[PDB]
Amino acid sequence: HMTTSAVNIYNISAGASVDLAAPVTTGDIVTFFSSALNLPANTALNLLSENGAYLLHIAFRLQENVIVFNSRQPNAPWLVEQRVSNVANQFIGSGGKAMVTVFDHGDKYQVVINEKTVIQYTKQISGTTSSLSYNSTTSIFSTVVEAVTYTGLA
């Protein structure tokens, strides 16, 4: 009858993916920790489902000066973008490191950069997150990002 939660720790290199040992579902959390901020080509952090849908794609675009949030079915076009302007402003007082937290709230992903909520993203695709990935060409983050998941919360 007691709640047993879990912590899993992943080291994700730029241009790499990890399968989750414990999937992320409603009530759960993933935080991506970067040991650098540069602050560089477009850089993305992704939550994917088992079938390869992008449940949440977070694209940091320094030159265009926007963070793009979107979803995509496998082998299908991108869905409707949500944008937040001014990338640097989302990392105020960040120093030489950063964290990006995604709360799975069932109907929404709440994305928090350090302590600042940057979007309450209305989901365009539902389901459990079974993998994470980190894409860059010149990343805004450290070459290895540490992802920590907190699961079995609900």
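One rule holds for the numbers: they count along the sequence shown, beginning at 1.
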Interval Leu39-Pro40, deposited residues with no coordinates in the entry (none, 1 to 3, 4 to 9, 10 or more) | 4 to 9
Might you work out how many residues are unmodelled in the deposited sequence between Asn11 and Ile12, and answer none, 1 to 3, 4 to 9, or 10 or more?
-> none
Looking only at CA atoms, which has the higher mean B factor in the entry: 58 to 66 or 105 to 113?
-> 58 to 66
Look up the CA B-factors in the entry and say which stretch, 29 to 37 or 82 to 90, has the higher mean.
-> 82 to 90
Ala6: C-alpha B-factor third of its chain, per the entry, is the middle
Would you mind ranking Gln73 by its C-alpha B-factor against the rest of the chain and naming the third, lowest, middle or highest?
-> middle
Here the Cα B-factor of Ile140, set against its chain, lands in the third termed highest
Temperature factor at the Cα of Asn51, chain-ranked in thirds, falls in the highest
